[PDB]
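To be precise, the following lines are structure22.tsv, and they hold TSV, C-alpha atoms and all ligand atoms.
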chain	number	residue	atom	x	y	z
A	1	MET	CA	30.44	-68.29	-56.61
A	2	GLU	CA	27.40	-70.10	-58.12
A	3	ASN	CA	27.29	-72.21	-54.97
A	4	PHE	CA	26.83	-68.95	-52.93
A	5	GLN	CA	24.00	-66.46	-52.66
A	6	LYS	CA	25.23	-63.01	-51.68
A	7	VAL	CA	23.22	-61.45	-48.89
A	8	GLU	CA	25.06	-58.16	-48.24
A	9	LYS	CA	28.35	-56.44	-48.67
A	10	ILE	CA	30.00	-56.24	-45.23
A	11	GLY	CA	33.43	-54.85	-46.10
A	12	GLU	CA	35.94	-53.67	-48.67
A	13	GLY	CA	39.62	-52.70	-48.90
A	14	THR	CA	42.99	-54.25	-49.78
A	15	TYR	CA	41.75	-57.65	-50.98
A	16	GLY	CA	38.57	-56.32	-52.48
A	17	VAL	CA	35.05	-56.97	-51.41
A	18	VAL	CA	33.65	-59.09	-48.60
A	19	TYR	CA	30.07	-60.44	-48.64
A	20	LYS	CA	27.85	-62.13	-46.14
A	21	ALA	CA	26.62	-65.12	-48.20
A	22	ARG	CA	24.65	-68.36	-47.91
A	23	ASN	CA	25.85	-71.65	-49.34
A	24	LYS	CA	22.94	-72.25	-51.79
A	25	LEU	CA	22.76	-75.95	-50.95
A	26	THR	CA	24.15	-76.47	-47.39
A	27	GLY	CA	22.36	-73.38	-46.04
A	28	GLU	CA	25.50	-72.37	-44.13
A	29	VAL	CA	25.90	-68.57	-43.67
A	30	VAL	CA	29.51	-67.46	-44.32
A	31	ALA	CA	31.75	-64.52	-45.15
A	32	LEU	CA	32.94	-64.64	-48.72
A	33	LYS	CA	36.02	-62.79	-49.85
A	34	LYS	CA	36.77	-62.25	-53.53
A	35	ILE	CA	40.49	-61.57	-53.97
A	36	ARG	CA	41.42	-58.61	-56.11
A	37	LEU	CA	42.87	-59.47	-59.55
A	43	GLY	CA	46.03	-66.39	-62.90
A	44	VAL	CA	46.57	-66.39	-59.13
A	45	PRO	CA	50.33	-66.85	-58.46
A	46	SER	CA	51.09	-70.37	-57.23
A	47	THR	CA	52.98	-69.18	-54.09
A	48	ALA	CA	49.80	-67.41	-52.98
A	49	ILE	CA	47.83	-70.68	-53.36
A	50	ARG	CA	50.31	-72.71	-51.31
A	51	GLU	CA	50.50	-70.15	-48.55
A	52	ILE	CA	46.71	-69.70	-48.25
A	53	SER	CA	46.41	-73.52	-48.11
A	54	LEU	CA	48.76	-73.51	-45.10
A	55	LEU	CA	46.57	-70.84	-43.42
A	56	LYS	CA	43.48	-73.10	-43.77
A	57	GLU	CA	45.18	-75.60	-41.42
A	58	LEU	CA	45.66	-72.92	-38.82
A	59	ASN	CA	42.73	-73.40	-36.36
A	60	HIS	CA	42.38	-71.61	-32.97
A	61	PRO	CA	39.35	-70.25	-31.11
A	62	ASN	CA	40.50	-66.57	-31.50
A	63	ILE	CA	41.23	-66.82	-35.25
A	64	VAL	CA	38.46	-66.55	-37.87
A	65	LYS	CA	38.22	-70.00	-39.37
A	66	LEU	CA	39.06	-70.17	-43.06
A	67	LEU	CA	36.52	-72.79	-44.17
A	68	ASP	CA	37.31	-73.13	-47.87
A	69	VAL	CA	39.71	-71.85	-50.53
A	70	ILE	CA	38.02	-71.71	-53.93
A	71	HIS	CA	40.31	-71.20	-56.84
A	72	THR	CA	38.30	-71.25	-60.08
A	73	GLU	CA	37.98	-69.43	-63.38
A	74	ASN	CA	41.52	-68.28	-62.37
A	75	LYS	CA	40.13	-66.12	-59.53
A	76	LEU	CA	40.53	-66.65	-55.77
A	77	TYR	CA	37.57	-66.75	-53.38
A	78	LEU	CA	38.06	-67.28	-49.62
A	79	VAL	CA	35.22	-68.64	-47.50
A	80	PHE	CA	35.40	-67.68	-43.82
A	81	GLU	CA	33.19	-68.34	-40.80
A	82	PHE	CA	30.77	-65.48	-40.28
A	83	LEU	CA	30.79	-63.44	-37.03
A	84	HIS	CA	28.01	-60.87	-36.52
A	85	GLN	CA	29.77	-57.66	-35.60
A	86	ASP	CA	33.26	-56.05	-35.86
A	87	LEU	CA	35.04	-54.21	-33.03
A	88	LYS	CA	34.70	-50.81	-34.74
A	89	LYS	CA	30.87	-50.94	-34.89
A	90	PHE	CA	30.86	-52.23	-31.30
A	91	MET	CA	33.15	-49.38	-30.13
A	92	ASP	CA	30.92	-46.83	-31.92
A	93	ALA	CA	27.80	-48.23	-30.31
A	94	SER	CA	29.39	-48.22	-26.85
A	95	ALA	CA	30.85	-44.69	-27.32
A	96	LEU	CA	28.55	-43.03	-24.81
A	97	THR	CA	29.25	-45.44	-21.90
A	98	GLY	CA	32.48	-47.03	-23.04
A	99	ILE	CA	33.09	-50.76	-23.07
A	100	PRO	CA	33.36	-52.01	-19.44
A	101	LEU	CA	36.96	-52.63	-18.35
A	102	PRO	CA	36.36	-56.33	-17.71
A	103	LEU	CA	35.20	-56.82	-21.32
A	104	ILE	CA	38.15	-54.85	-22.65
A	105	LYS	CA	40.40	-57.09	-20.53
A	106	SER	CA	38.76	-60.26	-21.89
A	107	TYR	CA	39.06	-59.03	-25.42
A	108	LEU	CA	42.71	-58.12	-24.99
A	109	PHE	CA	43.49	-61.52	-23.36
A	110	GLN	CA	41.85	-63.51	-26.14
A	111	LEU	CA	43.34	-61.36	-28.86
A	112	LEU	CA	46.85	-62.00	-27.34
A	113	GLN	CA	45.97	-65.73	-27.31
A	114	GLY	CA	45.28	-65.48	-31.06
A	115	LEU	CA	48.60	-63.68	-31.71
A	116	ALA	CA	50.57	-66.04	-29.46
A	117	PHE	CA	49.23	-68.96	-31.50
A	118	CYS	CA	49.84	-67.41	-34.92
A	119	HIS	CA	53.23	-66.10	-33.86
A	120	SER	CA	54.29	-69.58	-32.63
A	121	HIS	CA	53.64	-70.75	-36.23
A	122	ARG	CA	55.60	-67.77	-37.55
A	123	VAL	CA	52.45	-66.24	-39.06
A	124	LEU	CA	52.09	-62.49	-39.00
A	125	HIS	CA	48.96	-60.32	-39.37
A	126	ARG	CA	50.65	-56.94	-40.24
A	127	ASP	CA	47.42	-54.96	-40.76
A	128	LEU	CA	45.56	-55.14	-37.47
A	129	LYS	CA	42.73	-52.78	-36.99
A	130	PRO	CA	39.27	-52.66	-35.24
A	131	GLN	CA	37.55	-53.75	-38.57
A	132	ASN	CA	39.68	-56.97	-38.53
A	133	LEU	CA	38.60	-57.94	-35.00
A	134	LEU	CA	35.26	-59.80	-34.88
A	135	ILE	CA	32.90	-60.53	-32.03
A	136	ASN	CA	30.02	-62.81	-31.21
A	137	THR	CA	27.23	-62.87	-28.71
A	138	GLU	CA	29.12	-65.36	-26.57
A	139	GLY	CA	31.97	-62.93	-25.48
A	140	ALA	CA	34.50	-64.18	-27.94
A	141	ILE	CA	36.63	-62.03	-30.27
A	142	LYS	CA	38.74	-63.29	-33.16
A	143	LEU	CA	41.31	-61.97	-35.57
A	144	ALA	CA	40.37	-61.92	-39.32
A	145	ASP	CA	42.94	-61.81	-42.28
A	146	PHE	CA	45.92	-63.33	-40.48
A	147	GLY	CA	48.73	-64.17	-42.95
A	148	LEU	CA	46.89	-62.67	-45.95
A	149	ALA	CA	49.46	-59.84	-46.30
A	150	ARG	CA	52.40	-62.21	-46.84
A	151	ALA	CA	50.59	-65.01	-48.73
A	152	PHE	CA	49.55	-62.30	-51.20
A	153	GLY	CA	52.75	-60.19	-51.07
A	154	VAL	CA	50.62	-57.09	-50.31
A	155	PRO	CA	52.98	-54.02	-50.18
A	164	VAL	CA	44.43	-46.86	-46.40
A	165	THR	CA	44.65	-46.80	-42.50
A	166	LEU	CA	48.02	-46.05	-40.92
A	167	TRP	CA	46.79	-45.61	-37.45
A	168	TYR	CA	47.91	-49.02	-36.05
A	169	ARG	CA	51.21	-49.17	-37.95
A	170	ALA	CA	54.37	-50.05	-35.95
A	171	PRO	CA	57.16	-47.38	-36.08
A	172	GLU	CA	59.56	-49.85	-37.67
A	173	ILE	CA	57.30	-50.23	-40.71
A	174	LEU	CA	56.94	-46.45	-41.04
A	175	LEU	CA	60.76	-46.00	-40.86
A	176	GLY	CA	61.30	-48.46	-43.71
A	177	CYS	CA	62.21	-51.82	-42.18
A	178	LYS	CA	61.73	-54.42	-44.93
A	179	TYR	CA	62.15	-57.41	-42.53
A	180	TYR	CA	59.78	-56.82	-39.63
A	181	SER	CA	58.68	-59.35	-36.95
A	182	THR	CA	55.65	-60.46	-34.98
A	183	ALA	CA	56.25	-57.47	-32.78
A	184	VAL	CA	54.40	-55.34	-35.37
A	185	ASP	CA	51.09	-57.03	-34.33
A	186	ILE	CA	51.66	-56.38	-30.60
A	187	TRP	CA	52.14	-52.69	-31.48
A	188	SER	CA	48.84	-52.60	-33.37
A	189	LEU	CA	46.99	-54.46	-30.65
A	190	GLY	CA	48.46	-51.99	-28.18
A	191	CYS	CA	47.00	-49.07	-30.13
A	192	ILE	CA	43.59	-50.86	-30.19
A	193	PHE	CA	43.69	-51.56	-26.39
A	194	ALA	CA	44.19	-47.84	-25.75
A	195	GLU	CA	41.37	-46.90	-28.18
A	196	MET	CA	38.90	-49.24	-26.40
A	197	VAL	CA	39.88	-47.58	-23.06
A	198	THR	CA	39.78	-43.88	-24.07
A	199	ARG	CA	37.29	-44.04	-26.92
A	200	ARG	CA	39.60	-42.14	-29.26
A	201	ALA	CA	42.19	-43.49	-31.71
A	202	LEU	CA	45.65	-43.20	-30.09
A	203	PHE	CA	47.61	-42.16	-33.21
A	204	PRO	CA	45.16	-40.97	-35.87
A	205	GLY	CA	47.65	-40.07	-38.67
A	206	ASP	CA	46.46	-38.71	-42.01
A	207	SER	CA	49.80	-39.40	-43.75
A	208	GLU	CA	52.87	-41.48	-42.99
A	209	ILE	CA	54.89	-38.56	-41.64
A	210	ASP	CA	51.94	-37.40	-39.61
A	211	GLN	CA	51.57	-40.95	-38.22
A	212	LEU	CA	55.24	-41.03	-37.28
A	213	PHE	CA	55.15	-37.58	-35.78
A	214	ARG	CA	52.00	-38.36	-33.72
A	215	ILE	CA	53.89	-41.37	-32.32
A	216	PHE	CA	56.99	-39.22	-31.53
A	217	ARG	CA	54.92	-36.44	-29.86
A	218	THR	CA	53.39	-39.00	-27.44
A	219	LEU	CA	56.17	-41.55	-26.82
A	220	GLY	CA	59.16	-39.23	-27.45
A	221	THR	CA	61.30	-38.98	-30.54
A	222	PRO	CA	63.23	-42.26	-30.59
A	223	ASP	CA	66.99	-42.26	-30.53
A	224	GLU	CA	69.94	-44.62	-30.14
A	225	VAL	CA	69.47	-44.85	-26.40
A	226	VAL	CA	65.92	-46.25	-26.44
A	227	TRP	CA	66.21	-47.94	-29.90
A	228	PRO	CA	69.73	-49.07	-30.97
A	229	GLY	CA	69.93	-48.90	-34.72
A	230	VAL	CA	67.05	-46.46	-35.17
A	231	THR	CA	69.07	-43.67	-36.75
A	232	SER	CA	70.33	-45.99	-39.53
A	233	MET	CA	66.86	-47.10	-40.61
A	234	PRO	CA	65.94	-46.41	-44.23
A	235	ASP	CA	63.50	-43.53	-43.65
A	236	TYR	CA	65.04	-42.15	-40.47
A	237	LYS	CA	66.04	-38.49	-40.96
A	238	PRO	CA	68.37	-36.71	-38.57
A	239	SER	CA	66.18	-33.68	-39.22
A	240	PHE	CA	63.15	-35.29	-37.33
A	241	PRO	CA	62.02	-32.91	-34.56
A	242	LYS	CA	62.88	-33.96	-31.02
A	243	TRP	CA	59.79	-34.24	-28.82
A	244	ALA	CA	59.82	-35.39	-25.23
A	245	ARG	CA	57.83	-38.40	-24.06
A	246	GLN	CA	54.53	-37.96	-22.18
A	247	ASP	CA	53.08	-39.80	-19.15
A	248	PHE	CA	50.75	-42.70	-19.89
A	249	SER	CA	48.66	-41.40	-17.06
A	250	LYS	CA	47.98	-38.53	-19.55
A	251	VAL	CA	47.58	-40.82	-22.58
A	252	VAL	CA	45.24	-43.47	-21.33
A	253	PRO	CA	43.22	-42.14	-18.42
A	254	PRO	CA	41.58	-43.92	-16.72
A	255	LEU	CA	43.41	-47.17	-17.28
A	256	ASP	CA	44.91	-48.62	-14.09
A	257	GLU	CA	48.69	-48.88	-13.45
A	258	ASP	CA	48.67	-52.57	-14.40
A	259	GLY	CA	47.05	-51.77	-17.74
A	260	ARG	CA	49.43	-48.82	-18.32
A	261	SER	CA	52.47	-50.94	-17.52
A	262	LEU	CA	51.31	-53.59	-20.08
A	263	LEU	CA	50.45	-50.97	-22.70
A	264	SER	CA	53.96	-49.32	-22.44
A	265	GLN	CA	55.57	-52.71	-22.96
A	266	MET	CA	53.28	-53.26	-26.01
A	267	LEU	CA	54.42	-49.79	-27.27
A	268	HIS	CA	58.19	-50.11	-26.93
A	269	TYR	CA	59.98	-48.54	-29.88
A	270	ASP	CA	62.63	-51.27	-30.14
A	271	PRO	CA	60.83	-54.30	-31.61
A	272	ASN	CA	63.24	-56.55	-29.65
A	273	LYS	CA	62.23	-54.98	-26.34
A	274	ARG	CA	58.45	-54.97	-27.22
A	275	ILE	CA	56.61	-57.59	-25.14
A	276	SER	CA	55.73	-60.90	-26.82
A	277	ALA	CA	52.15	-62.03	-26.88
A	278	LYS	CA	53.19	-65.01	-24.74
A	279	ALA	CA	54.84	-62.84	-22.07
A	280	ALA	CA	51.89	-60.42	-22.22
A	281	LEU	CA	49.47	-63.24	-21.33
A	282	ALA	CA	51.35	-63.53	-18.01
A	283	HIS	CA	51.29	-59.83	-17.21
A	284	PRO	CA	49.64	-59.09	-13.84
A	285	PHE	CA	46.96	-57.03	-15.65
A	286	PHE	CA	45.40	-60.42	-16.46
A	287	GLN	CA	45.30	-61.82	-12.90
A	288	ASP	CA	41.49	-61.18	-12.53
A	289	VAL	CA	40.48	-61.73	-16.18
A	290	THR	CA	37.04	-63.14	-16.85
A	291	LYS	CA	34.78	-63.55	-19.84
A	292	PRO	CA	31.87	-61.19	-19.77
A	293	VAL	CA	29.28	-61.29	-22.49
A	294	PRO	CA	28.71	-58.10	-24.42
A	295	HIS	CA	25.35	-56.44	-25.15
A	296	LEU	CA	25.30	-56.71	-28.96
A	297	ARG	CA	22.65	-55.05	-30.95
A	298	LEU	CA	22.51	-57.00	-34.27
A	301	LIG	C1	37.71	-58.74	-41.26
A	301	LIG	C2	36.86	-58.06	-42.34
A	301	LIG	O1	37.16	-58.15	-43.80
A	301	LIG	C3	35.37	-58.60	-42.35
A	301	LIG	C4	34.43	-57.98	-43.38
A	301	LIG	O2	35.33	-60.03	-42.56
A	301	LIG	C5	34.36	-60.71	-41.87
A	301	LIG	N1	33.28	-60.13	-41.33
A	301	LIG	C6	32.42	-60.86	-40.64
A	301	LIG	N2	31.33	-60.34	-40.10
A	301	LIG	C7	31.02	-59.06	-39.92
A	301	LIG	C8	31.86	-57.97	-40.21
A	301	LIG	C9	31.40	-56.67	-39.99
A	301	LIG	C10	30.12	-56.46	-39.49
A	301	LIG	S1	29.56	-54.84	-39.15
A	301	LIG	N3	30.22	-54.37	-37.76
A	301	LIG	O3	28.07	-54.78	-39.02
A	301	LIG	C11	30.04	-53.68	-40.46
A	301	LIG	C12	29.39	-52.28	-40.41
A	301	LIG	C13	28.83	-53.38	-41.36
A	301	LIG	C14	29.28	-57.52	-39.22
A	301	LIG	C15	29.75	-58.81	-39.43
A	301	LIG	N4	32.61	-62.17	-40.48
A	301	LIG	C16	33.62	-62.81	-40.98
A	301	LIG	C17	34.52	-62.06	-41.71
A	301	LIG	BR1	36.10	-62.81	-42.45
Can the structure from this file be put into structure tokens for me?
Ligand SMILES: C[C@@H](O)[C@@H](C)Oc1nc(Nc2ccc([S@](=N)(=O)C3CC3)cc2)ncc1Br
Amino acid sequence: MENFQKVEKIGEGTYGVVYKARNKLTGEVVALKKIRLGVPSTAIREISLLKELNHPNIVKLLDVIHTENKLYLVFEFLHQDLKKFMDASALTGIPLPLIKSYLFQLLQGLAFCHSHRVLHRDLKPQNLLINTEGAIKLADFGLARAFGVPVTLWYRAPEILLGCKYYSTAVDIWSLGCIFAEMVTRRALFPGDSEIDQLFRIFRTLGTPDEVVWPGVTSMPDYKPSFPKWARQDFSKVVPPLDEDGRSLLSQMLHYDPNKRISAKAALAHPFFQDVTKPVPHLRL
């Protein structure tokens, strides 16, 4: 920490506080994360593995600093998050080709991390970071598991909400699916204020799941036979004015059954991405 000069606080939550900071002697400008507490050894090993994990759509973890029995993480700094960018574009909306770029790259990031069996688990607009060049990257990949972390529910896959202890990479596709739809419509897709309300907002839109669409669902830990039975709605109603290609890909990203939910790899090949390009955004910094 004495090697770093804090500039401003840019975030807070699970893992504590995040600062924009300058390395007092290199001059490099970084994002510094102080982890919230010595540090268990399994957490050190796992975070060390994450440092290896380099890809253009993943926020580079530059340095792990474990000292005075605290853990600091030093990340590359990007200048804006997707939430602020969505708020600033709320009057016009983000152009579809930039949405498509951002989705494509984000699926590239997941594909990569998933091929290394690394899971995000807590995707949200504040974890997705952009630059002036038209790139977008995922921040905090693998932190949940490295740290054994057990509040925004809005992007939570139904299998987590119904009490699956052993969930898969499919939980990140679900989240990214809810973010895709939010970019398109300019409203959060499932804005739950509690876990049951989150679940029930999902059921009211996609239909109450059952054994036919999701084998095994009724035996899940927090499944209750007393759940109300709502009928599924048309995506044409959910995400106007996304085209049929985009709606087809979204529904596959929002399959109830995690084994039927599209992989990031397969999603990259979806016809929605046939005319993808890489626009640059208008960022006001
Ligand atoms: C993912 C989340 O904890 C974050 C904190 O981490 C990072 N944040 C950033 N940069 C950054 C994040 C937010 C904003 S913002 N849209 O202006 C916010 C309203 C103030 C600007 C830059 N760069 C690497 C990391 Br890692």
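Between CA of residue 198 in chain A and CA of residue 93 in chain A the interatomic distance comes to 14.2 Å.
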Could you give me, as an NGL selection string, the residues within 10 Å of range 23-44 of chain A, counting all atoms listed in the file and dropping anything in the same chain fewer than 4 positions from it? :A and (1-19 or 48-49 or 66-83 or 152)
Give the answer as one residue: which of A:298, A:154, A:184, A:123 has the shortest atom-to-atom distance to ligand LIG 301 (chain A), using only C-alpha atoms and all ligand atoms?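 Ranking A:298, A:154, A:184, A:123 by distance to ligand LIG 301 (chain A), first place goes to A:298.
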Restricting the calculation to all atoms listed in the file, which member of A:286, A:213, A:107, A:90 is positioned closest to ligand LIG 301 (chain A)?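 Smallest distance to ligand LIG 301 (chain A) is found for A:90.
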I'd like the contact shell of residue 183 in chain A - 7 Å cut-off, only C-alpha atoms, skipping same-chain residues fewer than 4 positions apart - returned as a ChimeraX atom specification. /A:187,271,274,276
With C-alpha atoms kept, could you save the residues just selected as an mmCIF file, keeping the file's coordinate frame?
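The new file result-v9.cif reads:
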data_model
loop_
_atom_site.group_PDB
_atom_site.id
_atom_site.type_symbol
_atom_site.label_atom_id
_atom_site.label_comp_id
_atom_site.auth_asym_id
_atom_site.auth_seq_id
_atom_site.Cartn_x
_atom_site.Cartn_y
_atom_site.Cartn_z
ATOM 1 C CA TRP A 187 52.140 -52.690 -31.480
ATOM 2 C CA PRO A 271 60.830 -54.300 -31.610
ATOM 3 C CA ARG A 274 58.450 -54.970 -27.220
ATOM 4 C CA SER A 276 55.730 -60.900 -26.820
#
Counting all atoms listed in the file, which of A:134, A:285, A:164, A:176 gets nearest to residue 207 in chain A?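 Looking at the shortest contact to residue 207 in chain A, the residue is A:164.
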Of the residues A:237, A:199, A:268, A:142, which is the one nearest to residue 170 in chain A, using only C-alpha atoms?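 That would be A:268, the residue with the smallest distance to residue 170 in chain A.
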For residue 292 in chain A, find every residue with an atom within 12 Å (counting only C-alpha atoms), except residues of its own chain fewer than 2 positions away, and show them as a compact mmCIF listing (two decimals) with C-alpha atoms, in the coordinates of the input.
# COMPACT_ATOMS: atom_id res chain seq x y z
CA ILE A 99 33.09 -50.76 -23.07
CA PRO A 100 33.36 -52.01 -19.44
CA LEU A 101 36.96 -52.63 -18.35
CA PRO A 102 36.36 -56.33 -17.71
CA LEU A 103 35.20 -56.82 -21.32
CA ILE A 104 38.15 -54.85 -22.65
CA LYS A 105 40.40 -57.09 -20.53
CA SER A 106 38.76 -60.26 -21.89
CA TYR A 107 39.06 -59.03 -25.42
CA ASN A 136 30.02 -62.81 -31.21
CA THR A 137 27.23 -62.87 -28.71
CA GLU A 138 29.12 -65.36 -26.57
CA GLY A 139 31.97 -62.93 -25.48
CA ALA A 140 34.50 -64.18 -27.94
CA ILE A 141 36.63 -62.03 -30.27
CA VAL A 289 40.48 -61.73 -16.18
CA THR A 290 37.04 -63.14 -16.85
CA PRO A 294 28.71 -58.10 -24.42
CA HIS A 295 25.35 -56.44 -25.15
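Candidate residues A:231, A:215, A:150, A:296 were compared for distance to ligand LIG 301 (chain A), and the nearest is A:296, using only C-alpha atoms and all ligand atoms.
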For ligand LIG 301 (chain A), which residue out of A:283, A:260, A:122, A:129 is the nearest one, using all atoms listed in the file?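 Nearest candidate to ligand LIG 301 (chain A) out of A:283, A:260, A:122, A:129: A:129.
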Atom pair atom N2 of ligand LIG 301 (chain A) / CA of residue 145 in chain A: separation (Å):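 Taking atom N2 of ligand LIG 301 (chain A) as the start and CA of residue 145 in chain A as the end point, the length is 11.9 Å.
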Expected axis-aligned box over every listed atom of range 137-152 of chain A, 6 Å added per side, centre plus edges in Å to one decimal, as lines of an AutoDock Vina configuration file:
center_x = 39.8
center_y = -62.6
center_z = -38.3
size_x = 37.2
size_y = 17.5
size_z = 37.7
Residues within 9 Å of residue 233 in chain A, only C-alpha atoms, excluding chain neighbours under 2 positions, as a PyMOL selection string: chain A and resi 172+175-177+229-231+235-237
Would you output that residue set with C-alpha atoms, as a PDB file, in the frame of the given file?
ATOM      1  CA  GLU A 172      59.560 -49.850 -37.670  1.00  0.00           C
ATOM      2  CA  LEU A 175      60.760 -46.000 -40.860  1.00  0.00           C
ATOM      3  CA  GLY A 176      61.300 -48.460 -43.710  1.00  0.00           C
ATOM      4  CA  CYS A 177      62.210 -51.820 -42.180  1.00  0.00           C
ATOM      5  CA  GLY A 229      69.930 -48.900 -34.720  1.00  0.00           C
ATOM      6  CA  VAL A 230      67.050 -46.460 -35.170  1.00  0.00           C
ATOM      7  CA  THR A 231      69.070 -43.670 -36.750  1.00  0.00           C
ATOM      8  CA  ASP A 235      63.500 -43.530 -43.650  1.00  0.00           C
ATOM      9  CA  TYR A 236      65.040 -42.150 -40.470  1.00  0.00           C
ATOM     10  CA  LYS A 237      66.040 -38.490 -40.960  1.00  0.00           C
TER      11      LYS A 237
END
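With atom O1 of ligand LIG 301 (chain A) on one side and CA of residue 193 in chain A on the other, the separation reads 19.7 Å.
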